[PDB]
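These notes are about the structure you will find just below.
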There are 4 protein chains.
Amino acid sequence: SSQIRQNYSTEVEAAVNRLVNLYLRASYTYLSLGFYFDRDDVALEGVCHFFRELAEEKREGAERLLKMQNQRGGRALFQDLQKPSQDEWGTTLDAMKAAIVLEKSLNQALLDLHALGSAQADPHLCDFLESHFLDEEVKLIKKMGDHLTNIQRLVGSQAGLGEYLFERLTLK
Amino acid sequence: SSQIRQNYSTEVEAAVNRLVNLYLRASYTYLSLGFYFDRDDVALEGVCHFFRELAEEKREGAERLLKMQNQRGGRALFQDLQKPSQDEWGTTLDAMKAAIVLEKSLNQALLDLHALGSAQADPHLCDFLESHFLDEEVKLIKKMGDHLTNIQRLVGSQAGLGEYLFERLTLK
Amino acid sequence: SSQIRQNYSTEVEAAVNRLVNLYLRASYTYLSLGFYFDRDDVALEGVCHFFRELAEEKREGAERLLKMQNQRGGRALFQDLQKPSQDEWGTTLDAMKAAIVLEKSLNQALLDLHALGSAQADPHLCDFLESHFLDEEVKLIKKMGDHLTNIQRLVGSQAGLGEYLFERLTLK
Amino acid sequence: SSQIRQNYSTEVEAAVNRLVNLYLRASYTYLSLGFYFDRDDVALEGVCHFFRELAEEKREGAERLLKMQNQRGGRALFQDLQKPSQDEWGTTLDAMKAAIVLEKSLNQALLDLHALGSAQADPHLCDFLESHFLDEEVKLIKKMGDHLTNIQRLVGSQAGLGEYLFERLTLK
Ligand SMILES: [Ir+4]
Ligand SMILES: [Ir+4]
Ligand SMILES: [Ir+4]
Ligand SMILES: [Ir+4]
Ligand SMILES: [Ir+4]
Ligand SMILES: [Ir+4]
Ligand SMILES: [Ir+4]
Ligand SMILES: [Ir+4]
Ligand SMILES: [Ir+4]
Ligand SMILES: [Ir+4]
Ligand SMILES: [Ir+4]
Ligand SMILES: [Ir+4]
Ligand SMILES: [Ir+4]
Ligand SMILES: [Ir+4]
Ligand SMILES: [Ir+4]
Ligand SMILES: [Ir+4]
Ligand SMILES: [Ir+4]
Ligand SMILES: [Ir+4]
Ligand SMILES: [Ir+4]
Ligand SMILES: [Ir+4]
Ligand SMILES: [Ir+4]
Ligand SMILES: [Ir+4]
Ligand SMILES: [Ir+4]
Ligand SMILES: [Ir+4]
Ligand SMILES: [Pd+2]
Ligand SMILES: [Pd+2]
Ligand SMILES: [Pd+2]
Ligand SMILES: [Pd+2]
């Protein structure tokens with residue numbers, strides 16, 4: 001058992017384990033999104049690469065959370081990783097919408113953990129969440145929103161042309 | 001009080017102070033234009049960056065004017081900076097039109113000061129205005145007109161597509 | 001309208017817009033302070049340069065605030081920028097006193113926004129304010145206080161000599 | 001005789017020759033000022049060097065005027081160079097006052113030639129005077145005024161100390 005654990009509640013420890021599962025689930029979702037856009041009948045490599053890099057970011061998020069759990073003397077517990085919500089992701093517009101929904105859900109979970117850690121008087125936790133996750137989520141969600149606006153502007157008329165152009169001129 | 005002031009009328013001194021306020025107002029306008037195009041629901045970063053760089057140019061214009069006022073022994077006097085004319089700027093076409101209107105107004109003010117300094121026999125002033133402001137305004141207004149023509153050509157049919165393309169292929 | 005806004009109250013959004021106006025007003029104040037010390041009858045270039053660099057810092061502060069407002073999905077709204085409180089700034093002592101008063105007012109506004117964001121449960125805001133504004137204001141105000149103490153020590157007897165010396169040996 | 005002279009009046013030609021004599025006289029004045037501050041009983045080497053460099057500037061001004069006179073097909077005519085107005089120049093304050101009086105007189109002569117060339121419709125002349133003389137005189141006279149203000153501030157009490165300090169900390 002730990003000899004280091006201090007000011008680290010069992011409620012926070014569990015919530016950290018839930019958040020690890022959420023980040024890993026999000027990484028898996030992004031893996032599926034990435035490979036969908038690599039299908040020969042979809043073939044938007046800029047979209048594939050955008051989602052694959054998000055898969056990596058989310059996995060790294062989970063790993064940072066796991067290192068933090070061990071730094072505080074908590075115990076990592078892993079659960080089943082639920083398969084992604086869809087097997088086919090539609091258009092780049094549909095996929096970007098799905099991505100923002102996913103990210104807002106991760107953000108809301110961070111906010112819920114921060115609130116819990118406030119109620120627990122755990123400032124190391126508040127700080128850790130702030131500096132490596134909350135600012136990153138805000139920045140990511142702004143980029144996604146920007147992309148969604150550009151996609152929408154493009155696929156008002158001539159949807160195929162607009163999807164190609166966004167991929168070619170925004171995504172790489 | 002000054003020991004250096006020579007051939008520098010109180011009328012020119014006041015007009016220089018009015019022009020400083022106009023350049024600063026124009027810088028503020030461009031700040032507002034820039035951030036509007038950075039909204040998640042507008043999201044034209046090439047447009048944001050074009051206007052932000054104009055904000056900087058106009059501030060530098062005012063600073064050069066203030067240094068000149070002190071070089072001649074005049075006294076800088078600052079007034080309220082009126083907020084920009086709009087809170088939302090519409091399309092890139094609308095914004096570019098607003099920009100050219102603004103720049104033509106600055107130009108006309110430079111021309112009016114040059115006329116005043118003629119009537120005052122103040123060639124240092126004529127020279128200073130010419131070399132650091134009048135040629136720059138002519139060049140800037142030509143670039144704006146060029147941009148307006150390209151935007152107009154693009155948004156005749158398929159306005160969203162054309163706005164995206166101008167941003168991507170002209171503005172960066 | 002925004003597709004990204006999350007946990008970002010209308011009260012915080014408005015307070016951020018007020019703070020942008022305060023930073024810009026402070027930048028304008030510093031512009032006026034800087035050019036006053038560049039008058040031929042004042043002629044303290046170290047003082048001019050100290051205030052001009054603060055003008056730049058305050059403008060950058062406002063720009064960071066505006067980028068943050070857009071990152072959260074809030075809407076920038078600009079108001080009239082009130083001219084500075086004085087047209088002539090007296091001695092370097094008077095000016096430094098004015099500067100510290102100004103900075104303490106900006107600081108108090110940051111503290112008031114941080115309190116609001118506490119009451120709103122907005123940790124992204126707390127973090128953003130902390131890391132890019134609160135530590136900077138504390139450091140700046142300490143430097144100003146140090147300068148004020150040195151000026152005061154100098155202008156106890158032989159005020160002209162002391163003002164020259166501070167400018168020459170502290171300010172550059 | 002010239003085969004090139006065009007739009008270059010005998011009135012302008014004579015005024016250019018008078019201005020050459022004024023620049024050379026000013027160079028001579030600065031030579032005398034420089035060596036005075038190099039006396040063992042004055043011994044302000046920063047002041048010596050400031051005036052010696054102005055002697056060089058004024059000679060170069062005259063040489064540019066002479067090259068211009070030949071470029072337009074006018075004929076250089078030289079007159080007696082009147083010795084400087086004083087043989088001893090007093091304090092650094094007295095000398096700086098004398099310098100600004102001298103420079104304002106050169107400036108006024110440039111302005112008078114510019115007016116003449118206006119009345120003569122000679123824009124090459126206006127341009128030449130503007131770009132190589134009028135802006136330089138304005139900049140020089142502002143630096144002199146700044147220096148005068150600093151000297152005055154220093155020699156309010158403890159005149160010897162203040163003169164030493166200005167020389168050491170402003171002039172090199
Ligand atoms: Ir990449
Ligand atoms: Ir890559
Ligand atoms: Ir990449
Ligand atoms: Ir917290
Ligand atoms: Ir941490
Ligand atoms: Ir590109
Ligand atoms: Ir390419
Ligand atoms: Ir650029
Ligand atoms: Ir750039
Ligand atoms: Ir740029
Ligand atoms: Ir003119
Ligand atoms: Ir100039
Ligand atoms: Ir500096
Ligand atoms: Ir500097
Ligand atoms: Ir600096
Ligand atoms: Ir807080
Ligand atoms: Ir931030
Ligand atoms: Ir030198
Ligand atoms: Ir030298
Ligand atoms: Ir030198
Ligand atoms: Ir002229
Ligand atoms: Ir010339
Ligand atoms: Ir120095
Ligand atoms: Ir030295
Ligand atoms: Pd890829
Ligand atoms: Pd930008
Ligand atoms: Pd400066
Ligand atoms: Pd020398």
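The way I read the labels, and the way they are meant: chains A, B, ... in the order of the structure tokens, residue 1 as the first residue of every chain, and ligand 1 as the first ligand shown, with later ones counted on from there.
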
* Would you kindly return, as a list in words, each protein, DNA or RNA residue with an atom no farther than 9 Å from any atom of residue 30 (chain A), considering only C-alpha atoms and excluding same-chain residues fewer than 2 positions away? => residues 25, 26, 27, 28, 32, 33, 34, 35, 51, 52, 53, 54, 55, 56, 58, 84 and 99 of chain A

Within 8 Å of ligand 8, counting only C-alpha atoms and all ligand atoms, which protein or nucleic acid residues do you find, written as a PDB file with N, CA and C atoms, in the first residue's frame?
```pdb
ATOM      1  N   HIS B  49      -5.892  38.112 -39.583  1.00  0.00           N
ATOM      2  CA  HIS B  49      -4.504  38.528 -39.587  1.00  0.00           C
ATOM      3  C   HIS B  49      -4.277  39.809 -40.455  1.00  0.00           C
ATOM      4  N   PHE B  50      -5.003  39.947 -41.575  1.00  0.00           N
ATOM      5  CA  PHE B  50      -4.882  41.124 -42.464  1.00  0.00           C
ATOM      6  C   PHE B  50      -5.283  42.355 -41.609  1.00  0.00           C
ATOM      7  N   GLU B  53      -2.815  43.236 -38.674  1.00  0.00           N
ATOM      8  CA  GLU B  53      -1.601  43.883 -39.120  1.00  0.00           C
ATOM      9  C   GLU B  53      -1.920  45.394 -39.495  1.00  0.00           C
ATOM     10  N   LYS B 172      -3.560  34.141 -47.074  1.00  0.00           N
ATOM     11  CA  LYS B 172      -2.217  33.562 -46.588  1.00  0.00           C
ATOM     12  C   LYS B 172      -1.741  32.318 -47.312  1.00  0.00           C
TER      13      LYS B 172
END
```

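Residues in contact with residue 122 (chain A) at 12 Å, where only C-alpha atoms are counted and same-chain residues fewer than 2 positions away are skipped, are listed as residues 6, 7, 8, 9, 11, 12, 13, 72, 113, 114, 115, 116, 117, 118, 119, 120, 124, 125, 126, 127, 128 and 129 of chain A.
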
Selection above as a file: N, CA, C and O atoms, as a PDB file, in the first residue's frame:
```pdb
ATOM      1  N   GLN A   6      -1.528  11.754   0.569  1.00  0.00           N
ATOM      2  CA  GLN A   6      -1.842  12.885   1.453  1.00  0.00           C
ATOM      3  C   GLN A   6      -2.872  13.743   0.793  1.00  0.00           C
ATOM      4  O   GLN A   6      -2.672  14.265  -0.312  1.00  0.00           O
ATOM      5  N   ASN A   7      -3.942  14.072   1.531  1.00  0.00           N
ATOM      6  CA  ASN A   7      -5.008  15.008   1.049  1.00  0.00           C
ATOM      7  C   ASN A   7      -5.606  14.544  -0.278  1.00  0.00           C
ATOM      8  O   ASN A   7      -5.909  15.365  -1.157  1.00  0.00           O
ATOM      9  N   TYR A   8      -5.730  13.236  -0.455  1.00  0.00           N
ATOM     10  CA  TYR A   8      -6.191  12.688  -1.776  1.00  0.00           C
ATOM     11  C   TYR A   8      -7.355  11.718  -1.511  1.00  0.00           C
ATOM     12  O   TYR A   8      -7.186  10.553  -1.164  1.00  0.00           O
ATOM     13  N   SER A   9      -8.568  12.230  -1.683  1.00  0.00           N
ATOM     14  CA  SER A   9      -9.743  11.474  -1.286  1.00  0.00           C
ATOM     15  C   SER A   9     -10.023  10.273  -2.199  1.00  0.00           C
ATOM     16  O   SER A   9      -9.624  10.260  -3.381  1.00  0.00           O
ATOM     17  N   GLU A  11     -12.904   9.698  -3.335  1.00  0.00           N
ATOM     18  CA  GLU A  11     -13.805  10.208  -4.372  1.00  0.00           C
ATOM     19  C   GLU A  11     -13.015  10.760  -5.603  1.00  0.00           C
ATOM     20  O   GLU A  11     -13.394  10.486  -6.745  1.00  0.00           O
ATOM     21  N   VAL A  12     -11.946  11.493  -5.338  1.00  0.00           N
ATOM     22  CA  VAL A  12     -11.088  12.011  -6.390  1.00  0.00           C
ATOM     23  C   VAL A  12     -10.351  10.887  -7.133  1.00  0.00           C
ATOM     24  O   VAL A  12     -10.354  10.844  -8.342  1.00  0.00           O
ATOM     25  N   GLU A  13      -9.807   9.952  -6.381  1.00  0.00           N
ATOM     26  CA  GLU A  13      -9.158   8.801  -6.948  1.00  0.00           C
ATOM     27  C   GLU A  13     -10.065   8.078  -7.944  1.00  0.00           C
ATOM     28  O   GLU A  13      -9.643   7.764  -9.062  1.00  0.00           O
ATOM     29  N   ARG A  72       0.115  10.724  -6.606  1.00  0.00           N
ATOM     30  CA  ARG A  72      -0.626  11.014  -5.356  1.00  0.00           C
ATOM     31  C   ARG A  72      -0.862   9.795  -4.496  1.00  0.00           C
ATOM     32  O   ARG A  72      -1.351   9.925  -3.396  1.00  0.00           O
ATOM     33  N   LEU A 113     -14.681  17.168 -12.185  1.00  0.00           N
ATOM     34  CA  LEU A 113     -13.564  16.765 -11.287  1.00  0.00           C
ATOM     35  C   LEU A 113     -12.956  17.942 -10.543  1.00  0.00           C
ATOM     36  O   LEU A 113     -12.565  17.836  -9.377  1.00  0.00           O
ATOM     37  N   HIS A 114     -12.844  19.065 -11.220  1.00  0.00           N
ATOM     38  CA  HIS A 114     -12.359  20.282 -10.614  1.00  0.00           C
ATOM     39  C   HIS A 114     -13.277  20.736  -9.492  1.00  0.00           C
ATOM     40  O   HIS A 114     -12.784  21.219  -8.460  1.00  0.00           O
ATOM     41  N   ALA A 115     -14.590  20.563  -9.676  1.00  0.00           N
ATOM     42  CA  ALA A 115     -15.592  20.966  -8.684  1.00  0.00           C
ATOM     43  C   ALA A 115     -15.461  20.071  -7.450  1.00  0.00           C
ATOM     44  O   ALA A 115     -15.344  20.557  -6.316  1.00  0.00           O
ATOM     45  N   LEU A 116     -15.503  18.768  -7.686  1.00  0.00           N
ATOM     46  CA  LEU A 116     -15.211  17.753  -6.664  1.00  0.00           C
ATOM     47  C   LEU A 116     -13.935  18.088  -5.830  1.00  0.00           C
ATOM     48  O   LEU A 116     -14.015  18.161  -4.616  1.00  0.00           O
ATOM     49  N   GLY A 117     -12.793  18.307  -6.491  1.00  0.00           N
ATOM     50  CA  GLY A 117     -11.537  18.706  -5.843  1.00  0.00           C
ATOM     51  C   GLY A 117     -11.573  20.032  -5.086  1.00  0.00           C
ATOM     52  O   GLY A 117     -10.955  20.140  -4.050  1.00  0.00           O
ATOM     53  N   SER A 118     -12.301  21.043  -5.596  1.00  0.00           N
ATOM     54  CA  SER A 118     -12.725  22.204  -4.761  1.00  0.00           C
ATOM     55  C   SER A 118     -13.414  21.747  -3.435  1.00  0.00           C
ATOM     56  O   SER A 118     -12.832  21.925  -2.363  1.00  0.00           O
ATOM     57  N   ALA A 119     -14.602  21.129  -3.517  1.00  0.00           N
ATOM     58  CA  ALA A 119     -15.286  20.519  -2.348  1.00  0.00           C
ATOM     59  C   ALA A 119     -14.368  19.633  -1.440  1.00  0.00           C
ATOM     60  O   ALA A 119     -14.561  19.574  -0.219  1.00  0.00           O
ATOM     61  N   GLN A 120     -13.361  18.982  -2.032  1.00  0.00           N
ATOM     62  CA  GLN A 120     -12.357  18.209  -1.272  1.00  0.00           C
ATOM     63  C   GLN A 120     -11.124  19.031  -0.759  1.00  0.00           C
ATOM     64  O   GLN A 120     -10.343  18.481  -0.015  1.00  0.00           O
ATOM     65  N   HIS A 124      -3.674  20.701  -5.434  1.00  0.00           N
ATOM     66  CA  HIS A 124      -2.736  20.100  -6.407  1.00  0.00           C
ATOM     67  C   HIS A 124      -3.566  19.609  -7.605  1.00  0.00           C
ATOM     68  O   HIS A 124      -3.223  19.838  -8.782  1.00  0.00           O
ATOM     69  N   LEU A 125      -4.687  18.959  -7.294  1.00  0.00           N
ATOM     70  CA  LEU A 125      -5.569  18.443  -8.358  1.00  0.00           C
ATOM     71  C   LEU A 125      -6.050  19.577  -9.293  1.00  0.00           C
ATOM     72  O   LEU A 125      -5.897  19.433 -10.541  1.00  0.00           O
ATOM     73  N   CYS A 126      -6.565  20.681  -8.701  1.00  0.00           N
ATOM     74  CA  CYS A 126      -7.118  21.856  -9.465  1.00  0.00           C
ATOM     75  C   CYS A 126      -6.070  22.320 -10.445  1.00  0.00           C
ATOM     76  O   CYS A 126      -6.365  22.486 -11.641  1.00  0.00           O
ATOM     77  N   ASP A 127      -4.852  22.506  -9.929  1.00  0.00           N
ATOM     78  CA  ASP A 127      -3.701  22.999 -10.697  1.00  0.00           C
ATOM     79  C   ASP A 127      -3.339  22.065 -11.848  1.00  0.00           C
ATOM     80  O   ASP A 127      -3.214  22.521 -12.994  1.00  0.00           O
ATOM     81  N   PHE A 128      -3.137  20.784 -11.524  1.00  0.00           N
ATOM     82  CA  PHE A 128      -2.843  19.749 -12.523  1.00  0.00           C
ATOM     83  C   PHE A 128      -3.891  19.716 -13.688  1.00  0.00           C
ATOM     84  O   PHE A 128      -3.535  19.558 -14.888  1.00  0.00           O
ATOM     85  N   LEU A 129      -5.173  19.800 -13.317  1.00  0.00           N
ATOM     86  CA  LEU A 129      -6.261  19.740 -14.301  1.00  0.00           C
ATOM     87  C   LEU A 129      -6.235  20.960 -15.196  1.00  0.00           C
ATOM     88  O   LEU A 129      -6.486  20.863 -16.416  1.00  0.00           O
TER      89      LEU A 129
END
```

Chain C contacts on chain A, only C-alpha atoms, 8 Å, as a CSV table (one decimal) with N, CA, C and O atoms, in the first residue's frame:
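The resulting file, iface.csv, is shown below:
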```csv
chain,number,residue,atom,x,y,z
A,100,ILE,N,-16.7,17.5,-31.7
A,100,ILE,CA,-16.9,18.6,-30.8
A,100,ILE,C,-17.8,18.1,-29.6
A,100,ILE,O,-17.6,18.5,-28.5
A,104,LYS,N,-16.6,18.3,-25.8
A,104,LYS,CA,-17.4,19.0,-24.8
A,104,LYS,C,-17.7,18.1,-23.6
A,104,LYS,O,-17.7,18.5,-22.5
A,111,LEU,N,-14.4,19.6,-15.7
A,111,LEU,CA,-15.0,20.6,-14.9
A,111,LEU,C,-15.7,19.9,-13.7
A,111,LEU,O,-15.6,20.4,-12.5
A,114,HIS,N,-12.8,19.1,-11.2
A,114,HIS,CA,-12.4,20.3,-10.6
A,114,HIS,C,-13.3,20.7,-9.5
A,114,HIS,O,-12.8,21.2,-8.5
A,115,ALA,N,-14.6,20.6,-9.7
A,115,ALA,CA,-15.6,21.0,-8.7
A,115,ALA,C,-15.5,20.1,-7.4
A,115,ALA,O,-15.3,20.6,-6.3
A,130,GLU,N,-5.9,22.1,-14.6
A,130,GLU,CA,-6.0,23.4,-15.2
A,130,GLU,C,-5.0,23.4,-16.4
A,130,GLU,O,-5.3,23.6,-17.5
A,131,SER,N,-3.7,23.2,-16.0
A,131,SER,CA,-2.5,23.5,-16.7
A,131,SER,C,-2.3,22.5,-17.9
A,131,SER,O,-1.6,22.9,-18.9
A,134,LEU,N,-7.6,21.6,-19.0
A,134,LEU,CA,-8.6,22.6,-19.3
A,134,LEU,C,-8.2,23.6,-20.4
A,134,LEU,O,-9.1,23.9,-21.2
A,135,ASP,N,-7.0,24.1,-20.3
A,135,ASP,CA,-6.6,25.1,-21.4
A,135,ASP,C,-6.5,24.4,-22.8
A,135,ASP,O,-6.9,24.9,-23.8
A,138,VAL,N,-10.0,23.9,-24.1
A,138,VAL,CA,-10.6,25.1,-24.6
A,138,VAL,C,-10.0,25.4,-26.0
A,138,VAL,O,-10.7,25.8,-26.9
A,139,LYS,N,-8.7,25.3,-26.2
A,139,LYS,CA,-8.0,25.6,-27.4
A,139,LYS,C,-8.5,24.6,-28.5
A,139,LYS,O,-8.8,25.0,-29.6
A,141,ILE,N,-11.4,22.8,-28.7
A,141,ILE,CA,-12.7,23.0,-29.0
A,141,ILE,C,-12.9,24.3,-29.9
A,141,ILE,O,-13.7,24.3,-30.9
A,142,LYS,N,-12.1,25.3,-29.7
A,142,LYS,CA,-12.2,26.6,-30.5
A,142,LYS,C,-11.7,26.2,-31.9
A,142,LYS,O,-12.4,26.6,-32.9
A,145,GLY,N,-14.5,24.3,-33.5
A,145,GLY,CA,-15.6,25.1,-33.9
A,145,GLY,C,-15.2,25.9,-35.3
A,145,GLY,O,-16.1,26.1,-36.1
```

* Would you list the residues that come within 10 Å of ligand 23? Count only C-alpha atoms and all ligand atoms and give the answer as number ranges by chain. => C: 168-169, 171-172; D: 168-172

Write a file of the just-selected residues containing C-alpha atoms, as an mmCIF file, in the first residue's frame.
```
data_model
loop_
_atom_site.group_PDB
_atom_site.id
_atom_site.type_symbol
_atom_site.label_atom_id
_atom_site.label_comp_id
_atom_site.auth_asym_id
_atom_site.auth_seq_id
_atom_site.Cartn_x
_atom_site.Cartn_y
_atom_site.Cartn_z
ATOM 1 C CA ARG C 168 20.348 58.010 -16.570
ATOM 2 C CA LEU C 169 21.326 55.274 -14.060
ATOM 3 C CA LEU C 171 16.010 53.779 -16.582
ATOM 4 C CA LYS C 172 18.727 52.964 -19.146
ATOM 5 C CA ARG D 168 29.812 62.171 -18.507
ATOM 6 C CA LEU D 169 26.308 60.612 -18.697
ATOM 7 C CA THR D 170 24.696 62.269 -21.730
ATOM 8 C CA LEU D 171 27.541 63.265 -24.017
ATOM 9 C CA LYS D 172 29.452 59.954 -23.955
#
```

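CA of residue 165 (chain D) to CA of residue 93 (chain C) spans 20.8 Å [interatomic distance, one decimal].
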
* Test item, helix (DSSP H, G or I) assignment across region 4-172 of chain D, answer as a PyMOL selection string -> chain D and resi 10-37+45-72+92-119+123-154+159-169

* Asked: Between A:63, A:78, A:39, A:48, which has the minimum distance to residue 14 (chain A) (counting only C-alpha atoms)?
  ->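 When distances to residue 14 (chain A) are compared using only C-alpha atoms, the smallest one comes from A:78.
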
Pick out the residues sitting within 8 Å of residue 45 (chain D), and hand them over as a compact mmCIF listing (two decimals) with C-alpha atoms, in the first residue's frame; count only C-alpha atoms, and ignore anything fewer than 5 positions along from it in its own chain.
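Ended up saving to result_0.txt:
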```
# COMPACT_ATOMS: atom_id res chain seq x y z
CA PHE D 37 35.87 72.68 -24.51
CA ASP D 38 39.25 70.99 -25.06
CA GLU D 167 29.12 65.59 -19.99
```

* Separation of CA of residue 162 (chain D) from CA of residue 160 (chain C) in Å ->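 So the answer is 9.5 Å.
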
* Can you tell me, as a count of residues only, what residues are no more than 7 Å from residue 41 (chain C) when counting only C-alpha atoms, ignoring any on the same chain fewer than 3 positions away? -> 4

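Neighbouring residues of residue 164 (chain A) at 12 Å or closer, counting only C-alpha atoms and skipping chain neighbours under 6 positions away, are residues 42, 43, 44, 45, 46, 47, 91, 92, 93, 151, 154, 155, 158, 170, 171 and 172 of chain A; 161 of chain B.
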
Selection to disk with N, CA, C and O atoms, as a PDB file, in the first residue's frame:
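selection-v1.pdb written:
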```pdb
ATOM      1  N   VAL A  42     -13.867   6.950 -49.179  1.00  0.00           N
ATOM      2  CA  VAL A  42     -13.972   8.182 -48.416  1.00  0.00           C
ATOM      3  C   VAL A  42     -12.779   9.045 -48.758  1.00  0.00           C
ATOM      4  O   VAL A  42     -12.971  10.126 -49.390  1.00  0.00           O
ATOM      5  N   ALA A  43     -11.563   8.592 -48.451  1.00  0.00           N
ATOM      6  CA  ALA A  43     -10.308   9.055 -49.053  1.00  0.00           C
ATOM      7  C   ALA A  43     -10.096  10.567 -48.851  1.00  0.00           C
ATOM      8  O   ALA A  43      -9.975  11.359 -49.827  1.00  0.00           O
ATOM      9  N   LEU A  44     -10.118  10.959 -47.598  1.00  0.00           N
ATOM     10  CA  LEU A  44      -9.823  12.364 -47.204  1.00  0.00           C
ATOM     11  C   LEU A  44      -8.663  12.303 -46.249  1.00  0.00           C
ATOM     12  O   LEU A  44      -8.813  12.338 -45.002  1.00  0.00           O
ATOM     13  N   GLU A  45      -7.440  12.258 -46.793  1.00  0.00           N
ATOM     14  CA  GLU A  45      -6.254  12.006 -45.920  1.00  0.00           C
ATOM     15  C   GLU A  45      -5.954  13.092 -44.898  1.00  0.00           C
ATOM     16  O   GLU A  45      -5.515  12.794 -43.752  1.00  0.00           O
ATOM     17  N   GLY A  46      -6.268  14.347 -45.229  1.00  0.00           N
ATOM     18  CA  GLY A  46      -6.170  15.417 -44.240  1.00  0.00           C
ATOM     19  C   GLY A  46      -7.087  15.189 -43.006  1.00  0.00           C
ATOM     20  O   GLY A  46      -6.662  15.557 -41.872  1.00  0.00           O
ATOM     21  N   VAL A  47      -8.250  14.591 -43.220  1.00  0.00           N
ATOM     22  CA  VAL A  47      -9.220  14.320 -42.154  1.00  0.00           C
ATOM     23  C   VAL A  47      -8.685  13.130 -41.346  1.00  0.00           C
ATOM     24  O   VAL A  47      -8.684  13.112 -40.080  1.00  0.00           O
ATOM     25  N   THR A  91     -20.048  12.422 -43.325  1.00  0.00           N
ATOM     26  CA  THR A  91     -19.201  13.426 -43.962  1.00  0.00           C
ATOM     27  C   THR A  91     -18.228  14.021 -43.013  1.00  0.00           C
ATOM     28  O   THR A  91     -18.323  13.843 -41.770  1.00  0.00           O
ATOM     29  N   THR A  92     -17.291  14.835 -43.546  1.00  0.00           N
ATOM     30  CA  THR A  92     -16.423  15.561 -42.673  1.00  0.00           C
ATOM     31  C   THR A  92     -17.238  16.456 -41.686  1.00  0.00           C
ATOM     32  O   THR A  92     -16.869  16.567 -40.547  1.00  0.00           O
ATOM     33  N   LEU A  93     -18.335  17.042 -42.130  1.00  0.00           N
ATOM     34  CA  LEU A  93     -19.211  17.836 -41.255  1.00  0.00           C
ATOM     35  C   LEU A  93     -19.736  16.997 -40.128  1.00  0.00           C
ATOM     36  O   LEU A  93     -19.716  17.411 -38.937  1.00  0.00           O
ATOM     37  N   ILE A 151     -16.280  24.264 -42.758  1.00  0.00           N
ATOM     38  CA  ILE A 151     -16.984  23.205 -43.462  1.00  0.00           C
ATOM     39  C   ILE A 151     -18.371  23.583 -43.846  1.00  0.00           C
ATOM     40  O   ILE A 151     -18.813  23.386 -45.003  1.00  0.00           O
ATOM     41  N   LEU A 154     -18.705  25.808 -46.721  1.00  0.00           N
ATOM     42  CA  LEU A 154     -18.309  25.139 -47.957  1.00  0.00           C
ATOM     43  C   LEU A 154     -19.305  24.206 -48.554  1.00  0.00           C
ATOM     44  O   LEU A 154     -19.285  23.980 -49.728  1.00  0.00           O
ATOM     45  N   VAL A 155     -20.208  23.687 -47.781  1.00  0.00           N
ATOM     46  CA  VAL A 155     -20.987  22.585 -48.258  1.00  0.00           C
ATOM     47  C   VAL A 155     -22.411  23.037 -48.267  1.00  0.00           C
ATOM     48  O   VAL A 155     -23.292  22.192 -48.176  1.00  0.00           O
ATOM     49  N   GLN A 158     -22.753  22.571 -53.637  1.00  0.00           N
ATOM     50  CA  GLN A 158     -21.607  21.779 -54.124  1.00  0.00           C
ATOM     51  C   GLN A 158     -20.834  21.094 -52.963  1.00  0.00           C
ATOM     52  O   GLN A 158     -19.692  21.464 -52.648  1.00  0.00           O
ATOM     53  N   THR A 170      -7.330  23.456 -45.761  1.00  0.00           N
ATOM     54  CA  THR A 170      -7.244  23.646 -44.290  1.00  0.00           C
ATOM     55  C   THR A 170      -6.478  22.542 -43.608  1.00  0.00           C
ATOM     56  O   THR A 170      -5.531  22.799 -42.856  1.00  0.00           O
ATOM     57  N   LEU A 171      -6.845  21.284 -43.877  1.00  0.00           N
ATOM     58  CA  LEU A 171      -6.267  20.167 -43.166  1.00  0.00           C
ATOM     59  C   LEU A 171      -4.873  19.718 -43.592  1.00  0.00           C
ATOM     60  O   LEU A 171      -4.144  19.159 -42.740  1.00  0.00           O
ATOM     61  N   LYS A 172      -4.373  20.090 -44.728  1.00  0.00           N
ATOM     62  CA  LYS A 172      -2.839  20.012 -44.852  1.00  0.00           C
ATOM     63  C   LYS A 172      -2.230  20.843 -45.964  1.00  0.00           C
ATOM     64  O   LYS A 172      -1.089  20.573 -46.367  1.00  0.00           O
TER      65      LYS A 172
ATOM     66  N   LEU B 161     -18.263  29.468 -50.570  1.00  0.00           N
ATOM     67  CA  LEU B 161     -17.080  28.935 -51.231  1.00  0.00           C
ATOM     68  C   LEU B 161     -16.103  30.036 -51.604  1.00  0.00           C
ATOM     69  O   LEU B 161     -14.914  29.909 -51.436  1.00  0.00           O
TER      70      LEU B 161
END
```

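Across the model, the gap from CA of residue 62 (chain B) to CA of residue 107 (chain D) is 25.9 Å.
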